[PDB]
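Contents: one structure, followed by commentary.
A short reminder: the numbers here are calculations on the coordinates, not readings from a lab. Counting neighbours? That spans all protein chains shown, and the Cβs are built from the backbone with ideal geometry, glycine included.
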Amino acid sequence: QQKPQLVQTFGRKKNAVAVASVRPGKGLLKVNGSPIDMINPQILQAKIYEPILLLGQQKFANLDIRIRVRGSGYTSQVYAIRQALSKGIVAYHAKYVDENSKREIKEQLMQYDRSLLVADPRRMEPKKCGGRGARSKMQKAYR
Amino acid sequence: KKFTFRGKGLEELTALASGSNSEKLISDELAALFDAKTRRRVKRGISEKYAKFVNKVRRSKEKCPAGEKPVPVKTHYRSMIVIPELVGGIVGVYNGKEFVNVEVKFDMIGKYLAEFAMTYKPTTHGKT
Amino acid sequence: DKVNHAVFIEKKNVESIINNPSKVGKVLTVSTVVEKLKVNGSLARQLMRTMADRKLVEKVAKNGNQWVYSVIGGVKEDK
Amino acid sequence: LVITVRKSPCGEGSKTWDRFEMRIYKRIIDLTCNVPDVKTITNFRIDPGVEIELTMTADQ
Amino acid sequence: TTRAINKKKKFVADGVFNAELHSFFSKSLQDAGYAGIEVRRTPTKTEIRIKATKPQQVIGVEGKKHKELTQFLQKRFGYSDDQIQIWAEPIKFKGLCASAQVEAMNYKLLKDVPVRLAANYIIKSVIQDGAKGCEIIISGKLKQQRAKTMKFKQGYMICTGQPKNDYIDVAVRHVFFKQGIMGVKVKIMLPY
Amino acid sequence: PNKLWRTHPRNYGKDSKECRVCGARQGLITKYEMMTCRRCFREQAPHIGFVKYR
Amino acid sequence: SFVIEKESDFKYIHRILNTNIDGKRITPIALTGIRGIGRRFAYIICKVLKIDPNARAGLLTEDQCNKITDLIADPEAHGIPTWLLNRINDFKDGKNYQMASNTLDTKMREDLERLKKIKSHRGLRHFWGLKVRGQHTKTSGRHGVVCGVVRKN
Amino acid sequence: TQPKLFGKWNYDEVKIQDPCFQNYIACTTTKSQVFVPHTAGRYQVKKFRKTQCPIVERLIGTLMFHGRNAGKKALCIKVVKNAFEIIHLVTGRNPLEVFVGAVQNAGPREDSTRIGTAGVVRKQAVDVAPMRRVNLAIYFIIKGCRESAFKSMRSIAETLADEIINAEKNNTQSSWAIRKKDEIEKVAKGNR
Amino acid sequence: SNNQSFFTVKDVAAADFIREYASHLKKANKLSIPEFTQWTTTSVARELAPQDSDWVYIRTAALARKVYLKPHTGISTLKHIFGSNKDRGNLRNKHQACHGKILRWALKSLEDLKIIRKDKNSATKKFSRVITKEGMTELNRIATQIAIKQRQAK
RNA sequence: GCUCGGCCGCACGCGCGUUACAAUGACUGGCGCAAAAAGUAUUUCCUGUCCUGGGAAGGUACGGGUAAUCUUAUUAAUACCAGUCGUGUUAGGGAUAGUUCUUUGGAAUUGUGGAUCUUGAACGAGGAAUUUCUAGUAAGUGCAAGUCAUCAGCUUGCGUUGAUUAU
Ligand SMILES: [Mg+2]
Ligand SMILES: [Mg+2]
Ligand SMILES: [Mg+2]
Ligand SMILES: [Mg+2]
Ligand SMILES: [Mg+2]
Ligand SMILES: [Mg+2]
Ligand SMILES: [Mg+2]
Ligand SMILES: [Mg+2]
Ligand SMILES: [Zn+2]
């Protein structure tokens, strides 16, 4: 079967899931089969470029990384991509490099943001009856 | 003064509706000129009963040539659409308490018979 | 009140307004231009574009309602 | 299966609701065998609420 | 196969079958203490175990009530004679069954035996059979034309929590009098 | 000559159905094809196998 | 365009079909100023008569204006689909006309009159100053509010 | 490489002086230097967490208001960046230095409150905390923005820029934030 | 030089692709542009007929792109992809689907240009449209032209 | 039981609420972002292709699914990108009306819903009063389920975008 040089990490925010696959070579980032350039709301593309700029391109020119994302809505999706990418490099440096590098990129990243290696525990709140929402309730008449 | 429906006269309409070999009460030529809800009621079916009804009008319409007005025909069919062959007759339409006598005019063919007998009384107020 | 904002500019004034964008200010938007030249916003935009094609003016940002442009040599003092 | 039902048989003013659940668990098991072995493996007591469905695809 | 049915729609239908049975048996079996019903379903058969205090009255005089029942289910659903099977199973401890005990006080109250005495008799029985605790509620006109509600507790009792659904056994009955319907609940907390 | 009895179409709408138990037409629960009014359902619910976890 | 060479030729007030037309404005939505013309029809009128829809109303040619009055006169003769008209096939005549400034108020007045005369429910209802479509008079419409046949002023 | 805000604005050029604010305004930290103002942070789970939130994100938060605009963040990120551009076009220095400058420079210090002591009820002269000082600063600035931009042609980016500049300049005419600040501080001085 | 001679549609911002391929369809004058085009708005959900006279081109261009990407995407699904919200007035905004005839015209006419085929071999969705070798080549060369014009900008 | 009305009748008083008063906007394009629910006693239930119609909708041409297999792992809408419109009862806002067309139903008139042209009111942010609410929370935003032949401005749920301020 010839076990590949693959690493596979996942990342999560709300209902969104990102699976990033990392293999060695000339660095690509393709999300859902397309460059980061084309990710829908333009503003938060910089969110995905963040861990890249934080680690420096030097780590990323050595690796082709392809991230498929399926999930909730635009923003959470962006955050999932972020996550998967980040802990993806970490997992690579775990299997194929020394542990030391894994450690120092871990610290490197988390000093900037912890949302990269750790997932946002928040999810939606179910709705309580007698309201238009998960707390707020039908208006009341006292007098 | 004239009386016109979709560019046709009572003579003309009676010429389409009494048109030879059309055994439906309301023939297709006429039904093409109807508003959508009527065309719908016709093409979808109809009941045999209405035939008898129209017949009564036929009998009441020719039975008062001298001009004393027709002998009124009582019926419960509100959902009935007016055929030109009923124009000039007087028909009792049940409003649920009562039989409202309605005299037919050329302008009223397209509409349902119910559209005339008042189902209710209007509102005339007082408290203060 | 109402603000009558001109819906046409005379062929007498046109490139006289165009060639000298600094009458509007250090910052050109729809609003600025509307204020300074009493031109209705759509034509204000059209002016922006014309004098942008003309190398006189540059885009800083575009967000659906917001035009932000600056003058090339800098603000050049009037008359 | 959820059925959300209003408690009071009447309109009695506060609205209260009942979240009524029925869970259905569905399992699949696949075997490579002959008929008698099947009838051997099905030979044991099962609790009442269980539905057991058997299908046989021949294989060469 | 018969018909392909929605696993959801089938299962709900099975539950509704079960409930119809329970209503049928609690209603037509009312003299012998009737507790429960357990239904196994075979492509061949439908097996019903009637769990009861007095199996002897489920059977009757050489299957008078048994044959009656079996045939009732037969005409009702339609069934082959090999397709229906009814067993009666004894409940070894009558003191741990509520529906039974509420049937007991139904009985005792019909014979005009006074409230407190009857309540005590059953409660003492229930605890005699090893139940940790029991309670009885009788509601409705007792004294007079104005409704009363009387509770009788002895032993250990839980109300609230998931343990409620586990340890506590409850049954109600409507009891009929010339004056109207009075009604009776029995809560037996079971032992561990 | 009862011929006219019940001869209005009950084909659909409110009169096509009823609670199997109590024969109510009102607030009938049709959702799993269980044909039980809200009250009757609320009663049978544990016998039908409907738990309240929630 | 913005630039017009002679300020002398621009018509602020234009007049088409017994109605004023606002000049400083975009031509079709300026044409909305007529009873019987809403935005989509005006955009159509611009597409048939090849008039610039991005242009102003002051830039209007009199030729064009007469052509528009003509469009309104015999719209179906100018092309355009029948299904696009305010009046599909009139009760009196089977013809398809589209409703002008005056002609509209006329035909509506006529219709309602024959509805009084007919003594139909809804015609009576109109006469009475009530709601025609059969909605609820218990709650809304209070202290008087516009009933059918709305007139802008 | 040190990230610049929006890529064009260097955080290293912002230095806070007044010792109250240095712990209360985000931008000093590695964690607060962000290309994008959008964290999706948890800033509200504990009492002072709000402090660790980037100031521009805070401002963006305040912007998102009124029923129609609720929960549209992208809009406000746009508005803010644009306003910042107009700011650098007017002043020519880091739109951050202007912002931070104008959060510091406009917000109340003294404020008056009812303190019941036995019989005494009347306004009393009270001093404002750093956190509230900041919060209020932003609240005010943006409220002025809305009131002005409402039916005008001036956009929010514009109104907001105007306000930020006037707010740092201390202008009591042109800055709503300072109008209220001075009004409040005067009410307060009068209530001692 | 390893700067790629070749670029997929997936490497290109979709807006650009659409305006470009529409341009190509005009220059080619390769489209029919039916008569109902003049008097009809996009969807039932819209108050105003489209502001661009070229919409038929643009819409067709984009359509091809969709078919390039999502193969076997039938008309209804496209009516939904190409639909929107519609104000019903004082009733809450609700989802609404596009017109059919325009989309099916665009697919008929794209078969005509050999850029899509009706698959007779899919036994689920039969006669669903899938791009051809030819159409693929064409779109990928537009895409490439675009992407190179982009990396030419420093 | 059957037929026709009635509960929807309007000078008004009082409650829940939907929609707005617009530029943080409306409109015209472009854009491979959800979750959770349902579903055929065989043509009847979800419905995918396909074809016709300008449209709502119709064919019946080829088909799947009693469903983790099929509708679908999609088809949502805020959001984003272009472009129009330019602070005025303006395209904001659409009540109310008149023709036409369609669909559910023996039956639609006292408009069941939906479509096309028209028609365009009040409303320029709301007196005394007063409701609910502390984090994926409020608010906006759509989606399902119940009802149900047809009829959501309701209810019960589902996610998306995401706060100000307390503690
Ligand atoms: Mg809502
Ligand atoms: Mg849109
Ligand atoms: Mg169909
Ligand atoms: Mg569905
Ligand atoms: Mg009507
Ligand atoms: Mg309506
Ligand atoms: Mg339905
Ligand atoms: Mg209700
Ligand atoms: Zn019932």
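Structure data summary
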| item | result |
| --- | --- |
| For chain H, the longest site-free run once chymotrypsin sites (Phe, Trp or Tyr not before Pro) in DSSP loop states with at most 10 other Cβ atoms within 10 Å are removed | H:49-149 |
| Over 22 Å (Cα to Cα) - which of I:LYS66/I:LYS133; A:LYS128/H:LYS46; C:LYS55/G:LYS24; B:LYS43/I:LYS86; C:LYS55/G:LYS6 fall in this group | A:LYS128/H:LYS46; C:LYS55/G:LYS24; B:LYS43/I:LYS86; C:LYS55/G:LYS6 |
| Within straight-line cross-link reach of C:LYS79, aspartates and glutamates at Cα separation under 15 Å, skipping those fewer than 8 residues along the same chain | none |
| 25 Å tail of the calculated P(r), chain H, as % of Cα pairs | 37 percent |
| Pairs of alpha carbons in region I:1-75 whose separation is greater than 22 Å (percent) | 36 percent |
| Solution diffusion estimate, µm²/s, Stokes-Einstein, region G:76-153, Kirkwood Rh from C-alpha pairs, 37 °C, viscosity 0.692 mPa s | 223 µm²/s |
| Exposed-site-free run, longest, chain I (rule: GluC sites (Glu not before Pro); DSSP loop; at most 14 other C-beta within 10 Å) | I:48-154 |
| Computed E for I:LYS30/B:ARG39 - FRET, C-beta separation, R0 56 angstrom, nearest 0.05 | 0.85 |
| Estimated [θ] at 222 nm from DSSP helical runs (n ≥ 4, -39500 (n - 2.57)) normalised by residues in chain H, nearest 500 | -14500 deg cm²/dmol |
| For region H:176-190, 3J(HN,Hα) per residue [Karplus equation, 6.51 cos²θ - 1.76 cosθ + 1.60, θ = phi - 60°, Hz, x = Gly/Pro] | 4, 3, 7, 4, 4, 3, 4, 4, 4, 4, 6, 3, 5, 4, x |
| Pairwise centroid distance, computed over Cα atoms, of region H:1-56 with region C:41-79, Å | 33 Å |
| Low-density loop cleavage sites - chymotrypsin sites (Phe, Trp or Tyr not before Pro) in region A:66-116, where at most 15 other Cβ are within 10 Å (DSSP) | A:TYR96 |
| Computed [θ] at 222 nm, helices only, for chain C once each DSSP H run of length n ≥ 4 contributes -39500 (n - 2.57) | -9000 deg cm²/dmol |
| H:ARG93-I:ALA15 FRET efficiency (beta carbon distance; Förster radius 41 Å; 0.05 resolution) | 0.70 |
| Förster radius 35 Å - calculated FRET efficiency between A:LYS26 and C:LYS59 (Cβ-Cβ, nearest 0.05) | 0.55 |
| Distance violations [Cα-Cα > 22 Å] among I:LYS30/I:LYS126; B:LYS24/G:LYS95; B:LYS8/G:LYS67; E:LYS94/E:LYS185; B:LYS111/G:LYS95 | I:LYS30/I:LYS126; B:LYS24/G:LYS95; B:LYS8/G:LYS67 |
| For B:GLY92, distant residues with modelled amide H under 5 Å away | B:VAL73, B:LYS74, B:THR75, B:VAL102 |
| Projected label distance in nm at A:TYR142 and E:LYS124, using a 7 Å step from Cα toward the beta-carbon | 5.6 nm |
| For region G:83-153 versus region E:1-67, the gap between their alpha-carbon centres in whole angstrom | 67 Å |
| Virtual spin-label span in nm between A:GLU99 and H:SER152, 7 Å along Cα→Cβ | 6.3 nm |
| Pairs beyond 25 Å (Cα-Cα), from I:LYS94/I:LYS120; B:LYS69/B:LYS105; C:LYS23/C:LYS59; D:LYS7/G:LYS138; A:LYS137/F:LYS52 | I:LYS94/I:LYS120; D:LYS7/G:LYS138 |
| Rg(Cα) / (2.2 N^0.38 Å) computed for the protein assembly as shown, rounded to two decimals | 1.29 |
| Under 17 Å from E:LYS187, Cα to Cα: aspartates and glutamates that are on another chain or at least 8 residues apart | E:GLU103, E:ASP129, E:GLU135, E:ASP166, E:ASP169 |
| Calculated SAXS-style log₁₀ I(q)/I(0) at q = 0.13, 0.20 Å⁻¹ - region A:1-106, Debye, Cα scatterers | -0.43, -1.00 |
| Chain F - convex hull of the alpha-carbon atoms, volume per residue in Å³ | 98 Å³ |
| Over chain H, relative contact order from alpha-carbon pairs under 8 Å, at least 6 apart, % | 20 percent |
| Radius of gyration, Dmax [region G:1-90; alpha carbons; angstrom] | 13.3, 47 |
| Region D:18-60 and region I:75-131: distance between their alpha carbon centers, rounded to Å | 44 Å |
| Calculated diffusion of chain I, Stokes-Einstein form, Kirkwood radius summed over Cα pairs, 4 °C and 1.567 mPa s, µm²/s | 77 µm²/s |
| All-pairs Cα distance distribution in region E:78-158, expressed in whole percent, bin size 5 Å | 3, 12, 20, 20, 13, 9, 7, 5, 6, 4, 1 |
